[PDB]
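Participant: Chains as they are written, first to last, in my numbering: chain F, 1247 to 1294; chain D, 4 to 137; chain C, 13 to 121. Even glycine gets a Cβ: it sits at the ideal position worked out from N, Cα and C.
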Ligand SMILES: *[C@@H]1O[C@H](CO)[C@@H](O[C@@H]2O[C@H](CO)[C@@H](O[C@@H]3O[C@H](CO[C@@H]4O[C@H](CO)[C@@H](O)[C@H](O)[C@@H]4O)[C@@H](O)[C@H](O[C@H]4O[C@H](CO)[C@@H](O)[C@H](O)[C@@H]4O[C@@H]4O[C@H](CO)[C@@H](O)[C@H](O)[C@@H]4O)[C@@H]3O)[C@H](O)[C@H]2NC(C)=O)[C@H](O)[C@H]1NC(C)=O
Ligand SMILES: *[C@@H]1O[C@H](CO)[C@@H](O[C@@H]2O[C@H](CO)[C@@H](O)[C@H](O)[C@H]2NC(C)=O)[C@H](O)[C@H]1NC(C)=O
Ligand SMILES: *[C@@H]1O[C@H](CO)[C@@H](O)[C@H](O)[C@H]1NC(C)=O
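Below, the structure is given as structure tokens:
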């Protein structure tokens, strides 16, 4: 199962560019209406 | 007939207190709960806040908490006051009731709801102008 | 205010400005000019007693249709101001009563 998971996970998308400073803010107005939901705005390199 | 009789001075100067009453009659007072409403000509309506059984006063953040809202049982009156009245307050003050409706949309066990404060019975309103005159 | 014009004896649809994000709880009010207002439909479906069937509420399908006030057959007593008061799950405590929606009926006998 370990090897099968690694094999099926190998060809998918690498997420090394997600390591980036996340300007992130709370979403919830009322107290404890839902943390547990973080709206993070960040940078990400496009096609070019 | 809960005729929310409102009676204020009718003529005030800036930076003093306005004393408008709100009578309860034709029905008990402790059974249900009452509140206050206001609106201005040219503008929309502006609730003042709410007084509940615990008598802790919920205030309006957009009015900078410069009012004195309360309630007294002796003469069956709702006691709303405005300290430091600005000249912009030349308008009419209303009365209203408040039924504490419980809006459910999730699970009660996790506090996944909220309370909506619905109002049914209102008053008539008295218009008071505030300026250098009294 | 937004002046609106409609005919007589026609079903009327009244929608307020800001959108209904999240599950919403609409209340309607009858601010007749000069004297005290009164509510039309609260809880999005529950019309209070003393309100004729000409005023109908809008059921919730959890999305789609906005806060609509169904009014079938306006009469000589409906020249007033209609207010959209709504409680959603993103505005938290919906402190504000929102904007003012106006209607001025033409062809009134
Ligand atoms: C797991 O554990 C949970 C613990 O709570 C179990 O319950 C869940 O929470 C509640 C309570 O059981 C239920 O969901 C809510 O139910 C209310 C209606 O409650 C009524 O209660 C009566 C008994 O007191 C009962 O006889 C009735 O039959 C009914 O259950 C419902 O109002 C809630 O939804 C509101 O908000 C939704 C949007 O968020 C709207 O889509 C709903 O329509 C509704 O709003 C109103 O809708 C009216 C029109 O229908 C409209 O007129 C009005 O203005 C409002 O807009 C909510 O559905 C459920 O039972 C359960 N919820 C869930 C998601 O499971 C739970 O059963 C248990 N097991 C499982 C399998 O989850
Ligand atoms: C993406 O990178 C840019 C790089 O400049 C960030 O831009 C700066 O953002 C700060 C606030 O976080 C501003 O005070 C600066 O003035 C911005 N500089 C310029 C030149 O615009 C940007 O903020 C980053 N993305 C996010 C979501 O923070
Ligand atoms: C905002 O985010 C911080 C993150 O630590 C959290 O502690 C806080 O409860 C959130 N909400 C508010 C209202 O500050």
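Name the one or two DSSP bridge partners that residue 98 of chain C has.
Facilitator: DSSP lists C:38 as the bridge partner or partners of residue 98 of chain C.
Participant: Measure the CB-CB distance between residue 82 of chain D and residue 72 of chain D and report whether it falls below 9 Å.
Facilitator: yes
Participant: From the beta carbon of residue 60 of chain C, is the nearest beta carbon of chain D less than 9 Å away?
Facilitator: yes
Participant: Can you tell me whether residue 13 of chain D is buried or exposed, with buried defined as 16 or more other CB within 10 angstroms of its CB?
Facilitator: exposed
Participant: Between which two residues does the beta strand (DSSP E) carrying residue 81 of chain C extend?
Facilitator: 80–83
Participant: Given the structure, does residue 1288 of chain F come close to ligand 2, in the sense that its CB is under 8 Å from one of the ligand's heavy atoms?
Facilitator: Taking the Cβ of residue 1288 of chain F as the reference point, at least one heavy atom of ligand 2 falls within a distance shorter than 8 Å.
Participant: Confirm, please, whether the CB-CB distance from residue 92 of chain C to residue 14 of chain C is below 9 Å.
Facilitator: no
Participant: If contacts are defined as beta-carbon pairs under 8 Å, then residue 5 of chain D and residue 30 of chain D qualify, I think. What distance do you get, rounded to the angstrom?
Facilitator: 5 Å
Participant: Leaving aside the five residues before and after residue 3 of chain D along the sequence, list all residues of the same chain whose C-beta is less than 6 Å from its C-beta, in chain order.
Facilitator: The question about residue 3 of chain D has no answer, for chain D in this structure spans 4 to 137.
Participant: By the 10 Å Cβ neighbour count, where 16 or more other Cβ atoms means buried, how is residue 117 of chain D classified, buried or exposed?
Facilitator: buried
Participant: Measure how close the beta-carbons of residue 7 of chain C and residue 53 of chain C come, nearest whole angstrom, since I'm counting them as under 8 Å.
Facilitator: Here chain C comprises residues numbered 13 to 121, so residue 7 of chain C is not present and cannot be evaluated.
Participant: Between the alpha carbons of residue 77 of chain D and residue 57 of chain C, how many angstroms are there, rounded?
Facilitator: 39 Å
Participant: Taking contact to mean 3 or more Cβ pairs, one atom from each stretch, closer than 8 Å, check whether the stretch 18–26 of chain C and the stretch 69–87 of chain C are in contact.
Facilitator: yes
Participant: For residue 62 of chain D and residue 101 of chain D, I'd like the C-alpha separation in whole angstroms.
Facilitator: Taking the straight line from one Cα to the other gives about 15 Å.
Participant: Could you compute how far the alpha carbon of residue 1249 of chain F sits from the alpha carbon of residue 1256 of chain F?
Facilitator: 10 Å
Participant: Can you name the residues that DSSP bridges to residue 1272 of chain F?
Facilitator: Looking at the DSSP output, residue 1272 of chain F shares a beta bridge with F:1284.
Participant: Please go through the same chain and pick out, in chain order, the residues whose beta-carbon is closer than 7 Å to the beta-carbon of residue 5 of chain C, but skip the five residues on each side of it.
Facilitator: What is shown of chain C runs 13 to 121, which leaves residue 5 of chain C out entirely.
Participant: At least one CB of chain F closer than 9 Å to the CB of residue 102 of chain C: is that the case?
Facilitator: Closer than 9 Å: yes.
Participant: Look at the alpha carbon of residue 31 of chain C and the alpha carbon of residue 55 of chain C, and state the distance between them as a whole number of angstroms.
Facilitator: Each residue's alpha carbon lies about 17 Å from the other.
Participant: Determine the chain F residues that contact residue 105 of chain C at a beta-carbon separation under 9 Å, and present them in chain order.
Facilitator: 1275 and 1276
Participant: Under 7 Å, CB to any heavy atom of ligand 1. Which residues pass, going along the chain?
Facilitator: So the residues near ligand 1 by this Cβ test are D:107, D:108, D:109, D:110, D:111, D:112, C:35, C:37, C:55, C:56, C:57, C:71, C:72 and C:74.
Participant: In three-state DSSP terms, what is residue 1250 of chain F?
Facilitator: Three-state DSSP puts residue 1250 of chain F in a helix.
Participant: Would you check whether ligand 3 has a heavy atom nearer than 8 Å to the C-beta of residue 1247 of chain F?
Facilitator: no
Participant: Which first and last residues belong to the beta strand (DSSP E) in which residue 133 of chain D is found?
Facilitator: 129–133
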